[PDB]
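Printed here is upload_31.pdb (PDB, C-alpha atoms):
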```pdb
ATOM      1  CA  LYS A   1     -34.621 148.981-208.520  1.00  0.00           C
ATOM      2  CA  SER A   2     -34.318 151.906-211.109  1.00  0.00           C
ATOM      3  CA  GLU A   3     -33.137 154.952-209.128  1.00  0.00           C
ATOM      4  CA  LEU A   4     -29.602 153.393-209.421  1.00  0.00           C
ATOM      5  CA  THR A   5     -26.107 154.811-210.223  1.00  0.00           C
ATOM      6  CA  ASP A   6     -25.578 156.093-213.824  1.00  0.00           C
ATOM      7  CA  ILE A   7     -23.313 152.922-214.278  1.00  0.00           C
ATOM      8  CA  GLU A   8     -25.779 150.551-212.485  1.00  0.00           C
ATOM      9  CA  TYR A   9     -28.267 151.769-215.178  1.00  0.00           C
ATOM     10  CA  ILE A  10     -25.807 152.127-218.212  1.00  0.00           C
ATOM     11  CA  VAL A  11     -24.830 148.356-217.751  1.00  0.00           C
ATOM     12  CA  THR A  12     -28.176 146.682-216.914  1.00  0.00           C
ATOM     13  CA  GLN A  13     -30.285 148.985-219.187  1.00  0.00           C
ATOM     14  CA  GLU A  14     -27.974 150.416-221.972  1.00  0.00           C
ATOM     15  CA  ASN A  15     -25.854 147.142-222.386  1.00  0.00           C
ATOM     16  CA  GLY A  16     -22.734 148.836-220.822  1.00  0.00           C
ATOM     17  CA  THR A  17     -19.513 147.336-219.332  1.00  0.00           C
ATOM     18  CA  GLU A  18     -17.972 148.668-216.033  1.00  0.00           C
ATOM     19  CA  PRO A  19     -14.215 149.269-215.820  1.00  0.00           C
ATOM     20  CA  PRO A  20     -12.234 146.138-214.775  1.00  0.00           C
ATOM     21  CA  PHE A  21     -10.975 145.920-211.121  1.00  0.00           C
ATOM     22  CA  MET A  22     -12.615 149.311-210.443  1.00  0.00           C
ATOM     23  CA  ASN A  23     -15.847 147.280-209.684  1.00  0.00           C
ATOM     24  CA  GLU A  24     -17.501 145.970-206.447  1.00  0.00           C
ATOM     25  CA  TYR A  25     -17.878 142.139-206.516  1.00  0.00           C
ATOM     26  CA  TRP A  26     -14.509 141.636-208.388  1.00  0.00           C
ATOM     27  CA  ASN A  27     -12.356 140.539-205.361  1.00  0.00           C
ATOM     28  CA  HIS A  28     -15.418 139.982-203.012  1.00  0.00           C
ATOM     29  CA  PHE A  29     -15.699 136.265-201.922  1.00  0.00           C
ATOM     30  CA  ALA A  30     -18.156 136.556-198.938  1.00  0.00           C
ATOM     31  CA  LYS A  31     -20.685 133.663-198.425  1.00  0.00           C
ATOM     32  CA  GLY A  32     -24.228 134.684-199.532  1.00  0.00           C
ATOM     33  CA  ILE A  33     -25.952 135.129-202.974  1.00  0.00           C
ATOM     34  CA  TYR A  34     -25.719 137.685-205.838  1.00  0.00           C
ATOM     35  CA  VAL A  35     -29.072 139.012-207.210  1.00  0.00           C
ATOM     36  CA  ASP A  36     -30.218 141.143-210.210  1.00  0.00           C
ATOM     37  CA  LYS A  37     -29.722 144.809-208.926  1.00  0.00           C
ATOM     38  CA  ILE A  38     -33.202 145.449-210.575  1.00  0.00           C
ATOM     39  CA  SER A  39     -35.363 142.229-210.264  1.00  0.00           C
ATOM     40  CA  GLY A  40     -33.735 141.061-206.998  1.00  0.00           C
ATOM     41  CA  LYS A  41     -34.183 137.559-208.535  1.00  0.00           C
ATOM     42  CA  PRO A  42     -31.145 135.370-207.545  1.00  0.00           C
ATOM     43  CA  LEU A  43     -28.711 134.827-210.525  1.00  0.00           C
ATOM     44  CA  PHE A  44     -25.629 133.308-208.699  1.00  0.00           C
ATOM     45  CA  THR A  45     -24.390 132.040-205.301  1.00  0.00           C
ATOM     46  CA  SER A  46     -20.944 132.625-203.571  1.00  0.00           C
ATOM     47  CA  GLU A  47     -19.575 128.994-203.629  1.00  0.00           C
ATOM     48  CA  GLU A  48     -19.701 129.034-207.491  1.00  0.00           C
ATOM     49  CA  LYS A  49     -17.305 132.061-207.906  1.00  0.00           C
ATOM     50  CA  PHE A  50     -13.482 132.229-208.581  1.00  0.00           C
ATOM     51  CA  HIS A  51     -10.341 134.323-209.308  1.00  0.00           C
ATOM     52  CA  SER A  52      -9.937 134.892-213.096  1.00  0.00           C
ATOM     53  CA  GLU A  53      -7.658 138.007-212.713  1.00  0.00           C
ATOM     54  CA  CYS A  54      -9.969 139.169-215.590  1.00  0.00           C
ATOM     55  CA  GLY A  55     -11.301 142.373-213.896  1.00  0.00           C
ATOM     56  CA  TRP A  56     -14.959 141.301-213.176  1.00  0.00           C
ATOM     57  CA  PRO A  57     -16.723 138.758-210.930  1.00  0.00           C
ATOM     58  CA  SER A  58     -16.280 135.383-212.733  1.00  0.00           C
ATOM     59  CA  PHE A  59     -18.478 132.252-211.956  1.00  0.00           C
ATOM     60  CA  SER A  60     -18.169 128.560-213.140  1.00  0.00           C
ATOM     61  CA  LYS A  61     -21.983 128.090-213.708  1.00  0.00           C
ATOM     62  CA  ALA A  62     -25.203 130.123-213.022  1.00  0.00           C
ATOM     63  CA  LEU A  63     -27.377 129.543-209.880  1.00  0.00           C
ATOM     64  CA  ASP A  64     -30.426 128.424-212.042  1.00  0.00           C
ATOM     65  CA  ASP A  65     -29.457 127.532-215.720  1.00  0.00           C
ATOM     66  CA  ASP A  66     -33.233 128.049-216.412  1.00  0.00           C
ATOM     67  CA  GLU A  67     -32.800 131.693-215.161  1.00  0.00           C
ATOM     68  CA  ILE A  68     -30.346 133.548-217.560  1.00  0.00           C
ATOM     69  CA  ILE A  69     -31.058 134.113-221.302  1.00  0.00           C
ATOM     70  CA  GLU A  70     -27.852 133.766-223.380  1.00  0.00           C
ATOM     71  CA  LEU A  71     -27.814 135.684-226.692  1.00  0.00           C
ATOM     72  CA  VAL A  72     -25.275 135.751-229.584  1.00  0.00           C
ATOM     73  CA  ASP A  73     -23.395 139.132-229.487  1.00  0.00           C
ATOM     74  CA  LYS A  74     -22.132 140.449-232.905  1.00  0.00           C
ATOM     75  CA  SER A  75     -20.932 143.646-230.988  1.00  0.00           C
ATOM     76  CA  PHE A  76     -17.525 145.224-231.825  1.00  0.00           C
ATOM     77  CA  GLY A  77     -16.587 143.112-234.920  1.00  0.00           C
ATOM     78  CA  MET A  78     -16.881 139.883-232.820  1.00  0.00           C
ATOM     79  CA  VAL A  79     -19.151 136.813-232.251  1.00  0.00           C
ATOM     80  CA  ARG A  80     -19.900 135.984-228.515  1.00  0.00           C
ATOM     81  CA  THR A  81     -22.504 134.762-225.904  1.00  0.00           C
ATOM     82  CA  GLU A  82     -24.177 137.686-223.954  1.00  0.00           C
ATOM     83  CA  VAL A  83     -25.746 136.737-220.511  1.00  0.00           C
ATOM     84  CA  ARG A  84     -28.904 138.720-219.490  1.00  0.00           C
ATOM     85  CA  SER A  85     -31.627 138.592-216.839  1.00  0.00           C
ATOM     86  CA  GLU A  86     -34.649 136.598-218.154  1.00  0.00           C
ATOM     87  CA  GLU A  87     -36.571 138.259-215.247  1.00  0.00           C
ATOM     88  CA  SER A  88     -35.362 141.955-215.465  1.00  0.00           C
ATOM     89  CA  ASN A  89     -34.170 141.537-219.129  1.00  0.00           C
ATOM     90  CA  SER A  90     -31.045 143.613-218.087  1.00  0.00           C
ATOM     91  CA  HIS A  91     -27.356 143.055-219.163  1.00  0.00           C
ATOM     92  CA  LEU A  92     -25.018 140.879-216.981  1.00  0.00           C
ATOM     93  CA  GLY A  93     -22.220 140.454-219.629  1.00  0.00           C
ATOM     94  CA  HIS A  94     -20.884 137.334-221.436  1.00  0.00           C
ATOM     95  CA  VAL A  95     -19.876 133.587-220.965  1.00  0.00           C
ATOM     96  CA  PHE A  96     -16.659 131.843-222.258  1.00  0.00           C
ATOM     97  CA  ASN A  97     -15.212 128.265-222.467  1.00  0.00           C
ATOM     98  CA  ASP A  98     -11.876 129.133-220.788  1.00  0.00           C
ATOM     99  CA  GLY A  99     -13.150 128.476-217.168  1.00  0.00           C
ATOM    100  CA  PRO A 100     -11.613 126.074-214.595  1.00  0.00           C
ATOM    101  CA  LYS A 101     -11.721 122.703-216.480  1.00  0.00           C
ATOM    102  CA  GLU A 102     -13.038 120.682-213.462  1.00  0.00           C
ATOM    103  CA  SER A 103     -16.078 122.919-212.547  1.00  0.00           C
ATOM    104  CA  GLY A 104     -17.963 123.837-215.788  1.00  0.00           C
ATOM    105  CA  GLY A 105     -15.131 124.966-218.132  1.00  0.00           C
ATOM    106  CA  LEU A 106     -17.591 127.901-218.623  1.00  0.00           C
ATOM    107  CA  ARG A 107     -16.620 131.444-217.468  1.00  0.00           C
ATOM    108  CA  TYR A 108     -19.690 133.658-216.576  1.00  0.00           C
ATOM    109  CA  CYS A 109     -17.766 137.032-216.623  1.00  0.00           C
ATOM    110  CA  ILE A 110     -20.623 139.156-214.979  1.00  0.00           C
ATOM    111  CA  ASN A 111     -20.718 143.019-214.472  1.00  0.00           C
ATOM    112  CA  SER A 112     -21.055 144.043-210.732  1.00  0.00           C
ATOM    113  CA  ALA A 113     -23.303 147.102-211.545  1.00  0.00           C
ATOM    114  CA  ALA A 114     -25.974 144.396-212.429  1.00  0.00           C
ATOM    115  CA  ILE A 115     -25.531 142.501-209.080  1.00  0.00           C
ATOM    116  CA  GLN A 116     -26.213 143.283-205.385  1.00  0.00           C
ATOM    117  CA  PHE A 117     -24.544 140.727-203.036  1.00  0.00           C
ATOM    118  CA  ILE A 118     -26.733 139.397-200.185  1.00  0.00           C
ATOM    119  CA  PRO A 119     -24.835 137.851-197.211  1.00  0.00           C
ATOM    120  CA  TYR A 120     -25.580 134.175-196.153  1.00  0.00           C
ATOM    121  CA  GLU A 121     -26.499 135.411-192.618  1.00  0.00           C
ATOM    122  CA  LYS A 122     -29.373 137.743-193.838  1.00  0.00           C
ATOM    123  CA  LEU A 123     -31.052 135.217-196.219  1.00  0.00           C
ATOM    124  CA  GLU A 124     -33.735 133.444-194.106  1.00  0.00           C
ATOM    125  CA  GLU A 125     -34.453 137.186-193.192  1.00  0.00           C
ATOM    126  CA  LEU A 126     -34.900 138.998-196.632  1.00  0.00           C
ATOM    127  CA  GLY A 127     -37.115 136.208-198.104  1.00  0.00           C
ATOM    128  CA  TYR A 128     -34.620 134.068-200.080  1.00  0.00           C
ATOM    129  CA  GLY A 129     -34.195 131.706-197.026  1.00  0.00           C
ATOM    130  CA  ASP A 130     -35.072 128.730-199.349  1.00  0.00           C
ATOM    131  CA  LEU A 131     -31.609 129.315-200.907  1.00  0.00           C
ATOM    132  CA  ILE A 132     -29.594 127.335-198.308  1.00  0.00           C
ATOM    133  CA  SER A 133     -27.452 124.754-200.239  1.00  0.00           C
ATOM    134  CA  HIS A 134     -24.136 123.730-198.637  1.00  0.00           C
TER     135      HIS A 134
END
```
This entry written out as structure tokens:
Amino acid sequence: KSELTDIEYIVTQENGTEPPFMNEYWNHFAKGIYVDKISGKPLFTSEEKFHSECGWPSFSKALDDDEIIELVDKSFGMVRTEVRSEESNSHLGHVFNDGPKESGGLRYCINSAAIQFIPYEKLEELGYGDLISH
């Protein structure tokens, strides 16, 4: 919550992007939620994630649509849809229409230096408990 790795900070705060594959929640598929490394406010779950061999955690929708602000991103001679934390106003990364066609067809390619996983088994313990879906 803002004594965090140079890259945890670079991404969230300075609109950075972590190397692909050399990141935490890439291949991670444990059952629990992913939260804003800063706010702690829940941004995604574990059941709504998939393999995109893209280099970064990819998700089919967001936990709470009314809980990420999506901006246009003119960056690097391109158009695009940035995905940021409403709550912490920090950088997650972008969304794309190339997802699995029978979930959302949206691809929420999120940076891991802007997420801390929380396991399913320590939820009704760290005050997200409410978040039991499934």
Contacts of residue A:101 at 12 Å (all atoms listed in the file; same-chain gap of 6+ positions) as a JSON list (two decimals) with C-alpha atoms, in the frame of the given file:
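What landed in out14.json:
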```json
[["chain", "number", "residue", "atom", "x", "y", "z"],
["A", 60, "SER", "CA", -18.17, 128.56, -213.14],
["A", 61, "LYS", "CA", -21.98, 128.09, -213.71],
["A", 107, "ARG", "CA", -16.62, 131.44, -217.47]]
```
Residues within 9 Å of stretch 121-124 of chain A, all atoms listed in the file, excluding chain neighbours under 5 positions, as a CSV table (one decimal) with C-alpha atoms, in the frame of the given file:
```
chain,number,residue,atom,x,y,z
A,31,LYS,CA,-20.7,133.7,-198.4
A,32,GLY,CA,-24.2,134.7,-199.5
A,33,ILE,CA,-26.0,135.1,-203.0
A,129,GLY,CA,-34.2,131.7,-197.0
A,130,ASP,CA,-35.1,128.7,-199.3
A,131,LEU,CA,-31.6,129.3,-200.9
A,132,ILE,CA,-29.6,127.3,-198.3
```
Quick one: apply the PyMOL selection byres ((chain A and resi 52) around 10) to the file and drop the selected residues here as a PDB file with C-alpha atoms, in the coordinates of the input.
```pdb
ATOM      1  CA  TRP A  26     -14.509 141.636-208.388  1.00  0.00           C
ATOM      2  CA  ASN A  27     -12.356 140.539-205.361  1.00  0.00           C
ATOM      3  CA  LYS A  49     -17.305 132.061-207.906  1.00  0.00           C
ATOM      4  CA  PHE A  50     -13.482 132.229-208.581  1.00  0.00           C
ATOM      5  CA  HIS A  51     -10.341 134.323-209.308  1.00  0.00           C
ATOM      6  CA  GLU A  53      -7.658 138.007-212.713  1.00  0.00           C
ATOM      7  CA  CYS A  54      -9.969 139.169-215.590  1.00  0.00           C
ATOM      8  CA  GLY A  55     -11.301 142.373-213.896  1.00  0.00           C
ATOM      9  CA  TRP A  56     -14.959 141.301-213.176  1.00  0.00           C
ATOM     10  CA  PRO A  57     -16.723 138.758-210.930  1.00  0.00           C
ATOM     11  CA  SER A  58     -16.280 135.383-212.733  1.00  0.00           C
ATOM     12  CA  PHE A  59     -18.478 132.252-211.956  1.00  0.00           C
ATOM     13  CA  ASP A  98     -11.876 129.133-220.788  1.00  0.00           C
ATOM     14  CA  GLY A  99     -13.150 128.476-217.168  1.00  0.00           C
ATOM     15  CA  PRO A 100     -11.613 126.074-214.595  1.00  0.00           C
ATOM     16  CA  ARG A 107     -16.620 131.444-217.468  1.00  0.00           C
ATOM     17  CA  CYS A 109     -17.766 137.032-216.623  1.00  0.00           C
TER      18      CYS A 109
END
```
Centre and edge lengths, as AutoDock Vina command-line options, for the axis-aligned box enclosing every listed atom of stretch 109-112 of chain A with 6 Å of padding on each of the six sides, in Å to one decimal?
```
--center_x -19.4 --center_y 140.5 --center_z -213.7 --size_x 15.3 --size_y 19.0 --size_z 17.9
```
### Query
Just how far from atom CA of residue A:92 is atom CA of residue A:125, in Å to one decimal?
25.9 Å
### Message
What would the selection look like, as a ChimeraX atom specification, if the PyMOL selection byres ((chain A and resi 84) around 9) were run on the coordinates I just shared?
### Response
/A:12,68-71,82-83,85-94
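Nearest residue to residue A:29 among A:43, A:80, A:120, A:96 is A:120, counting all atoms listed in the file.
Atom pair atom CA of residue A:13 / atom CA of residue A:47: separated by 27.5 Å.
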### Task
Point out the residue among A:77, A:42, A:104, A:16 with the least atom-to-atom distance to residue A:116, counting all atoms listed in the file.
A:42
### Summary
Here atom CA of residue A:95 and atom CA of residue A:62 stand apart by 10.2 Å
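Among A:7, A:45, A:117, A:75, the residue with the shortest atom-to-atom distance to residue A:19, counting only C-alpha atoms, is A:7.
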### Task
Determine the residue set returned by the PyMOL selection byres ((chain A and resi 8) around 12) for the present structure, and present it as a PyMOL selection string.
chain A and resi 1-7+9-18+23-24+36-38+90-92+111-116
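Ranking A:74, A:41, A:64, A:79 by their shortest atom-to-atom distance to residue A:118, with all atoms listed in the file included, puts A:41 first.
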### Using all atoms listed in the file: which of A:127, A:119, A:22, A:110 has the shortest distance to residue A:46
A:119
